[PDB]
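Coming up, as structure tokens: structure 1 and structure 2, two forms of one and the same protein chain.
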Structure 1
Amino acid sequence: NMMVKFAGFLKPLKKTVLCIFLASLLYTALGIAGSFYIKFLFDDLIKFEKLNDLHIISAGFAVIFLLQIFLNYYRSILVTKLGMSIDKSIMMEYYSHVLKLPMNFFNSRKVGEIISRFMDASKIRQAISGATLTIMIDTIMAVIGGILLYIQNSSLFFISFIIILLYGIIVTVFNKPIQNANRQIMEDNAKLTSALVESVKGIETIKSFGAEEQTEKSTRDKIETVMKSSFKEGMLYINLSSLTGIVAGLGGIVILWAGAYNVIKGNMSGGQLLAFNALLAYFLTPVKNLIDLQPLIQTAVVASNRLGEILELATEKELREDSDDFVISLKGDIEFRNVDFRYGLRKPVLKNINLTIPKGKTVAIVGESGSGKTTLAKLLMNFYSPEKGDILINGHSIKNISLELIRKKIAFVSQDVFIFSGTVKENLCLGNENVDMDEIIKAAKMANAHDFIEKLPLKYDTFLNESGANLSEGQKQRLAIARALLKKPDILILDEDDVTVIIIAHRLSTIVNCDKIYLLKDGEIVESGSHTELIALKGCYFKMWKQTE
């Protein structure tokens, strides 16, 4: 159904299509008129030795030809502009849809696969270029040439019709294997691209462990698979080309043979036969040219099908349920209620977890590694939806709150810090642009990131390489903290007056002054309270404290 999207893209650009078709009509008419040059040369001028009329008629036919070139130039310009606009629209639609897909899509798929699927739009651009769509128009317009051929002679027209039927049979036979081979080679290319991206990202680890040769062998195996698919598709293309060449050449020879037979029988003159053979270039040649580009069209079709495969998935907002006047503030009691969650379909991470967080207080969540604390933090951020249960903020279900407010009023500071390629201010102004250079300074000073930025060659304007390679891991975390502080959130979640602070702590010694501490065990909260209370009743918190110390 991607062709429906393309047609919708052609809905505003309509006068360009009409001009293209008028130019095609004029071009085809002039070519058909100029095909009679050999007939007028042999029947009238060579036979009668009319030298002067030869000169004038040849000059006139040379003049006629240039108009075809000018019209082809104009049509090619228009088609190139149309194709460029269509390709830009397709790429924007795909990218803008991908940027809002749920986190399951990004956790399941690989970066290289998505990047390759985006870059596959080059095939669509090639198929909608200025040299592949004019051939389609010529194939459509060959009806006029066929009508004129039928008027000129019925027998040779029927022979050309047999050639056309052979072309159609060949295309129908070969259409499916070609697209299957193209799909296979593009899947192999996607796998190779994923391996390439993964290898380049972790080059430091590969160098540290001396795994260059093993990585080379793995990439060599993937390249071998790619070349096997490439060879299969090349053999298919070679078979198609050989069959079409056989049909074209034998049809040309048979047409010349039957024309000679007709000329001997007196049903046609030699000039008429030559004119028919010339007009064949405006009847059969466009069709064969189209058949030549069948692999390219099929490749573009498969690429468009994959793009549509990504484009069918529902976005984050599509899976939402409602919104209302709850969008004022998230200040209140965060209350997980009978929350159950599982990642994909593995063992559940949280099993009937209930906890209430008082408003404006600094609470902390503890447990063993992998217990499901960052899972709670991501659930509070609506990155994943609980399997069953509710998460109430200020007495309102979090599903009824607009996702924009949830993402703007809750700040999550995880240890997977990401720094985008850009200036320090650009990194700190992510999603919160057009902020004056005073809030940024206040947040940087709060996050203790002011000093190292001021020590940089350009204060708050130093360009940062990809993934923050220009900074140490310590300063990168402070930049992340400052960026999250600029949000001015109602709920702040951190790893290691009226704003609620939730601390996901791994070391139990850091938090002894928290207002309330929650212990998570076996996917549920088993112990809660202050540090003194938790160490008093001699529970699992007491065991954890004694084991560590």
Structure 2
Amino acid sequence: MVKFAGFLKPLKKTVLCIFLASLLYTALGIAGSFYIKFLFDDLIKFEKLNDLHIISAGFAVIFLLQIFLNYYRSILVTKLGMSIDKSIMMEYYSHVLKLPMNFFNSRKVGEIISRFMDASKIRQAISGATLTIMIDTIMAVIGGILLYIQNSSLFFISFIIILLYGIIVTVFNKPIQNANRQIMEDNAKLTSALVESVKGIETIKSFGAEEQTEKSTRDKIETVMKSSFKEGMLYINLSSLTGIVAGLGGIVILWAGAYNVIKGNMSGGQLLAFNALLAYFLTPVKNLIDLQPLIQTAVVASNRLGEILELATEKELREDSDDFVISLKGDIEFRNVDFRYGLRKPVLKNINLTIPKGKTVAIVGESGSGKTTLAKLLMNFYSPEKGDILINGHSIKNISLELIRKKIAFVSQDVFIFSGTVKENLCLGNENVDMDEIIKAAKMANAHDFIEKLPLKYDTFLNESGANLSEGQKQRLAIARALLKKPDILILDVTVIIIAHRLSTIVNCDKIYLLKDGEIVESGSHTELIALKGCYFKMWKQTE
């Protein structure tokens, strides 16, 4: 669609104030643009002093009023630009935070962060000068319709100059757009490269691969600068084609004005005043054209920021919801669930689980069987394509995600810790939870002993992805967080689905499922599985 900023609807009064101030400003400018005519035709050509001082003082007062009214519209336009830029950035950030998981696994962090950071633009194209120049271009249309009365042929020449400007801008419409798009794409790729290199640097500084990374970054920077030089060449071509027209048109204006003066009609002071009126007719237009890089860059930034990440399907746009579900204690009843990650290969075949309520079910299989795939399916990070997962007799499709992702706690290997207070880390999601509950969950997660050892026991900072604490001391914070988010289906009288790789820790479990070709081949407790001479028996005898 079209990303037209409708945020100005609550800003109706400000726009009217700006427009009226600009109208009076241009009116005073044109009124004060007769000073040189007053000088040459009447003040000195008649040899009359003691009134030139009065005229000069009056025009100084007029210019002071012009500055006073240009100190106001600039402030108002800056406020409008702030109020638009903040709103558009917040829209984009909320939408990206509510996007599905396929988007986040099929894209690089650099692309998203660069698409956001391309918001200094748009703002720079709606700043004070950039938009007051467009308003003054309209005011220059008004000044030109005034200019038509003040001599005719010179207004025709000015119109021809405007036509030349229009042709020049039209011919250079696409190239600046494409150059900006390509430089933005290359800058996004470079930003992703730096984000990856600085994020994981233990591997680089561990394998002695600084030189290779530097060479790859040099290639990316070389591409960025080549695509920047292309834009520079197009910009210099545009600036030259505009400067030629402007200067030669001004010289033609002076030549034709002299030609008129030495041929009866019109006067020299009329020509001198016509130069300043022609300034208020052309200089806004030429200033706008010289701003075409800024407007074009902002248009490209708003197009990329809105093409995707403002049109892509959201998370909540999945299905309907329900009101009868208030608790999530039930029997999970996978029916022929098939999940394919993208398009590579079906991770899960026609799987079938019969997890009872409040059990301690364990899941085993090959290293690439898809256990974490099952855990992600149960958390609605993804969706099946032919089957129907259920809980308590009703499908989890028809349950509000704010309930599924609140009553199911899932702890994984990729423990992620946020920058902030340990209490703030623990109380993510439900911030209002009191000290007693976080203490209880920490004690139940064995993390309370560690936390009380640190100085500023719970009120201590954790830097970025946990560095103030060891990796084994962050799995326990993940456990404590999952315990705070009081669950009904716990994935590692609440149902516990433990996914583990060692066959010795999960033995005394109510039921154990084993999946090899996606589907479950064997099930039951440990004793019956051992008394089967099956795949689980082979695994147990090999790992004994």
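Residue indices: 1-based, along structure 1. Take the two forms, find the largest set of C-alpha atoms that superpose within 1.5 Å, and that set is the rigid core. Residues that one form lacks are left out of the comparison.
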Residue among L250, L313, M84, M103 with C-alpha shift of 2 Å or more between structures 1 and 2, core superposed:
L313
Superposed on the rigid core, does the Cα of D436 end up 2 angstroms or more away between structures 1 and 2?
no
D325: with the rigid core matched between structures 1 and 2, does its Cα shift 2 Å or more?
yes
Core-fitted comparison between structures 1 and 2 - CA shift at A377, Å
0.3
What runs of three or more residues stand out between structures 1 and 2, with each Cα shifted 2 Å or more once the rigid core is matched?
3 to 7, 310 to 319, 325 to 327
